[PDB]
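The structure appears right after this line, and notes come after that.
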Amino acid sequence: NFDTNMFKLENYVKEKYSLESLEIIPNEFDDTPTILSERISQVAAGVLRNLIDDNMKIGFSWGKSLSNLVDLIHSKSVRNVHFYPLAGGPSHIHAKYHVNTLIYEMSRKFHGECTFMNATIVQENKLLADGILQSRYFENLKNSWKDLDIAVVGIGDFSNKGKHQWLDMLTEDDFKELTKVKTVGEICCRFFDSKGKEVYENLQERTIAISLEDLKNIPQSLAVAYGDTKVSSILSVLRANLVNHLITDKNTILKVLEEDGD
């Protein structure tokens, strides 16, 4: 039985990576990219709406997967919900995909109070980054990263198209150093290797984002991510248990398993 076998595969992958929650969307022969993105987005929207309750502190990252779920999610009457940025995205992405846009849109549907990301995601040096992170003005947001209830995040790859979004944010030298340490992907604008470790410390210390340490201790952290170019990145995130709830498609998770088996 098809639906049963899907459940078996879900449980298999959850136990394999010690992943708390997982939805695997089936791929259909008649799919277009649009239809597949709708199917994944609707599942994700339903899942998130059910997670949202009164009094919760919810962090968002940036990007298409998130924008697509936000477009579909149904409003709900909850009290005292607060939305925060986990990380600003890079500079030239669609306004629709910007963290502050997503927080605003979610605020409309869940009538929440909003904190926005004002600082650029990568600073020139550690002194400038620390000046922001350690500031009196930034303290509320810094503290809030330590006690979020839910995080909602996409996962980026470090393929040519993945590096694209970062072209005017990271320097030529940043890219060289990231490539030297075999970067495979990013989450919350932090770059990791094949085991989900944040290897390049110089950029790590210049980045205005939640730490991986704080991300990975959020009670419910939902990543929505799929596609062949994302298999290595998803496997890294699973390996390091960076999030505890993943929504992806069957084609992607089978490739993750195959790569892990290598």
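Within each chain, counting starts at residue 1; across the structure tokens, chains are named A, B, ... in the order shown, with ligands numbered 1 upward in that order.
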
- Message: Just list as number ranges by chain whatever in stretch 58-148 of chain A DSSP marks as helix (DSSP H, G or I).
- Response: A: 64-72, 95-97, 99-110, 126-133, 139-144

- Task: Find the spatial neighbours of stretch 102-111 of chain A, counting only C-alpha atoms, within a cut-off of 9 Å - ignore same-chain residues fewer than 5 positions away - and output them as a list in words.
- Result: residues 52, 59, 60, 61, 62, 63, 66, 67, 70, 71, 73, 74, 75, 76, 77, 78, 79, 80, 81, 82, 83, 84, 85, 96, 97 and 116 of chain A

Written selection (N, CA and C atoms) as a short mmCIF file (atom, residue, chain, number, x, y, z; two decimals), in the first residue's frame:
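New file out-v3.cif:
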```cif
data_model
loop_
_atom_site.label_atom_id
_atom_site.label_comp_id
_atom_site.auth_asym_id
_atom_site.auth_seq_id
_atom_site.Cartn_x
_atom_site.Cartn_y
_atom_site.Cartn_z
N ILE A 52 1.25 26.88 15.35
CA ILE A 52 1.10 28.20 15.93
C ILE A 52 -0.01 28.26 16.98
N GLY A 59 10.54 32.60 14.89
CA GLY A 59 11.60 33.19 14.00
C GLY A 59 11.45 32.74 12.54
N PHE A 60 11.69 33.66 11.59
CA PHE A 60 11.67 33.28 10.16
C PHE A 60 13.03 33.58 9.56
N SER A 61 13.44 32.76 8.59
CA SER A 61 14.53 33.16 7.68
C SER A 61 13.89 33.75 6.39
N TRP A 62 14.54 33.51 5.25
CA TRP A 62 14.28 34.27 4.05
C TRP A 62 14.04 33.26 2.91
N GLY A 63 13.52 33.73 1.79
CA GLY A 63 13.45 32.89 0.60
C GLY A 63 12.17 32.39 0.00
N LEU A 66 9.74 29.80 1.73
CA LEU A 66 8.98 30.39 2.83
C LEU A 66 7.89 31.28 2.27
N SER A 67 8.24 32.08 1.27
CA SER A 67 7.25 32.98 0.66
C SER A 67 6.07 32.15 0.14
N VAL A 70 3.90 31.01 3.06
CA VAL A 70 3.20 32.15 3.64
C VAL A 70 1.99 32.55 2.77
N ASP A 71 2.17 32.52 1.47
CA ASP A 71 1.06 32.88 0.54
C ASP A 71 -0.18 31.99 0.81
N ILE A 73 -0.89 29.98 3.71
CA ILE A 73 -1.34 29.65 5.03
C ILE A 73 -2.62 30.41 5.40
N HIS A 74 -3.52 29.72 6.12
CA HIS A 74 -4.80 30.33 6.56
C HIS A 74 -4.62 31.07 7.86
N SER A 75 -5.27 32.23 7.96
CA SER A 75 -5.28 32.99 9.23
C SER A 75 -5.81 32.17 10.42
N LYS A 76 -5.45 32.56 11.62
CA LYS A 76 -5.94 31.93 12.87
C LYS A 76 -5.95 32.93 13.99
N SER A 77 -7.00 32.93 14.83
CA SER A 77 -7.06 33.92 15.91
C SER A 77 -6.25 33.55 17.15
N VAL A 78 -4.96 33.89 17.16
CA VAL A 78 -4.13 33.60 18.32
C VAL A 78 -3.76 34.92 19.00
N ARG A 79 -3.47 34.89 20.29
CA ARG A 79 -3.16 36.05 21.11
C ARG A 79 -1.66 36.02 21.38
N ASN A 80 -1.05 37.20 21.39
CA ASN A 80 0.26 37.42 22.01
C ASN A 80 1.38 36.62 21.30
N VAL A 81 1.24 36.49 19.97
CA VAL A 81 2.27 35.82 19.13
C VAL A 81 3.24 36.92 18.68
N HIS A 82 4.53 36.57 18.61
CA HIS A 82 5.55 37.56 18.24
C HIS A 82 6.42 36.94 17.15
N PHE A 83 6.71 37.69 16.08
CA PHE A 83 7.54 37.19 14.96
C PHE A 83 8.86 37.97 14.97
N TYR A 84 9.95 37.24 14.69
CA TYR A 84 11.34 37.77 14.76
C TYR A 84 12.06 37.29 13.49
N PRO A 85 13.10 38.04 13.06
CA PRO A 85 13.99 37.58 11.98
C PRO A 85 15.09 36.71 12.58
N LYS A 96 9.42 39.95 -2.18
CA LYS A 96 8.46 38.95 -1.67
C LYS A 96 9.09 37.92 -0.73
N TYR A 97 10.38 37.72 -0.93
CA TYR A 97 11.18 36.68 -0.26
C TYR A 97 12.00 37.24 0.89
N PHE A 116 11.88 43.53 13.26
CA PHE A 116 12.42 43.49 11.91
C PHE A 116 13.94 43.48 11.96
#
```

- Nearest candidate to residue A:211 (options A:25, A:224, A:189, A:155; using only C-alpha atoms): A:189

- Task: List every residue of stretch 65-216 of chain A that DSSP, applied to the backbone of this structure, places in strand (DSSP E), and write the result as a list in words.
- Result: residues 82, 83, 84, 85, 113, 114, 150, 151, 152, 153, 156, 157, 185, 186, 187, 190, 191 and 192 of chain A

- Length of the atom CA of residue A:161 to atom CA of residue A:237 vector [Å]: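 Atom-to-atom, atom CA of residue A:161 to atom CA of residue A:237, that is 19.3 Å.
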
- May I have the residues within 8 Å of residue A:234 as a PyMOL selection string, using only C-alpha atoms and disregarding those fewer than 2 positions away in the same chain? chain A and resi 155+225+230-232+236-238+256

Requested write-out: N, CA, C and O atoms of the selected residues, as a compact mmCIF listing (two decimals), in the first residue's frame:
```txt
# COMPACT_ATOMS: atom_id res chain seq x y z
N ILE A 155 16.63 26.16 3.21
CA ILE A 155 18.02 25.65 3.23
C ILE A 155 18.58 26.00 1.86
O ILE A 155 17.97 25.66 0.82
N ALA A 225 12.43 22.37 2.17
CA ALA A 225 13.55 22.41 1.22
C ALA A 225 13.52 21.17 0.32
O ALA A 225 13.35 20.05 0.82
N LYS A 230 19.83 20.59 -3.75
CA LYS A 230 19.80 20.68 -2.28
C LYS A 230 20.07 19.41 -1.50
O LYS A 230 19.99 19.43 -0.26
N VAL A 231 20.40 18.30 -2.18
CA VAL A 231 20.54 17.00 -1.51
C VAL A 231 21.71 17.04 -0.50
O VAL A 231 21.53 16.62 0.66
N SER A 232 22.87 17.56 -0.93
CA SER A 232 24.03 17.60 -0.01
C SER A 232 23.74 18.49 1.21
O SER A 232 24.05 18.12 2.35
N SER A 236 23.49 17.42 5.22
CA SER A 236 24.32 18.11 6.26
C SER A 236 23.47 18.50 7.45
O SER A 236 23.79 18.22 8.62
N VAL A 237 22.35 19.14 7.14
CA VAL A 237 21.41 19.60 8.19
C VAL A 237 20.89 18.42 9.00
O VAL A 237 20.80 18.49 10.24
N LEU A 238 20.57 17.31 8.32
CA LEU A 238 20.12 16.09 9.02
C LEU A 238 21.24 15.53 9.95
O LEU A 238 20.99 15.15 11.11
N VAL A 256 19.17 11.93 -0.91
CA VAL A 256 19.86 12.15 0.36
C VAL A 256 20.34 10.78 0.88
O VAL A 256 21.50 10.63 1.28
```

- Near-residue A:200 list (10 Å; only C-alpha atoms; drop same-chain fewer than 3 positions) as a ChimeraX atom specification: /A:174,177-183,190-193,197,203-205

- What is the distance between atom CA of residue A:7 and atom CA of residue A:244, in Å to one decimal? 17.5 Å

- Best match for closeness to residue A:138 among A:170, A:40, A:208, A:219, counting only C-alpha atoms: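 The closest residue to residue A:138 is A:208.
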
- Message: Which residue is closest to residue A:121? Choose from A:31, A:168, A:147, A:157 and count only C-alpha atoms.
- Response: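 Distance minimum relative to residue A:121 lands on A:168.
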
- Residue neighbourhood residue A:215, 12 Å, only C-alpha atoms, exclusion window fewer than 3 positions, as a PyMOL selection string: chain A and resi 58-61+86-87+144-153+187-190+209-212+218-223+237+240-244

- Measuring atom to atom with only C-alpha atoms, identify which of A:169, A:253, A:35, A:12 is nearest to residue A:120. A:169

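If you measure from each of A:226, A:175, A:166, A:2 to residue A:88 using only C-alpha atoms, the closest one turns out to be A:166.
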
List as a compact mmCIF listing (two decimals) with C-alpha atoms, in the first residue's frame the protein and nucleic acid residues near residue A:167, meaning an atom at most 12 Å away when only C-alpha atoms are counted, but skip any in the same chain fewer than 5 places from it.
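What landed in out-v8.txt:
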```txt
# COMPACT_ATOMS: atom_id res chain seq x y z
CA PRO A 90 21.28 38.70 0.88
CA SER A 91 20.82 41.96 -1.05
CA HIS A 92 19.08 41.32 -4.42
CA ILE A 93 16.38 38.74 -3.73
CA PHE A 158 26.40 26.23 -2.54
CA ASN A 160 26.60 28.02 -8.81
CA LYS A 161 22.95 29.11 -8.52
CA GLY A 162 23.20 29.00 -4.71
CA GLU A 172 35.70 37.06 -3.86
CA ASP A 173 37.94 35.99 -0.96
CA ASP A 174 34.96 34.79 1.15
CA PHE A 175 33.95 32.48 -1.72
```

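Atom CA of residue A:214 is positioned 23.2 Å from atom CA of residue A:101.
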
- Item | Contact residues around residue A:68 with only C-alpha atoms at 9 Å, ignoring same-chain residues under 6 positions, as a PyMOL selection string | chain A and resi 37-38+41-42+45+97
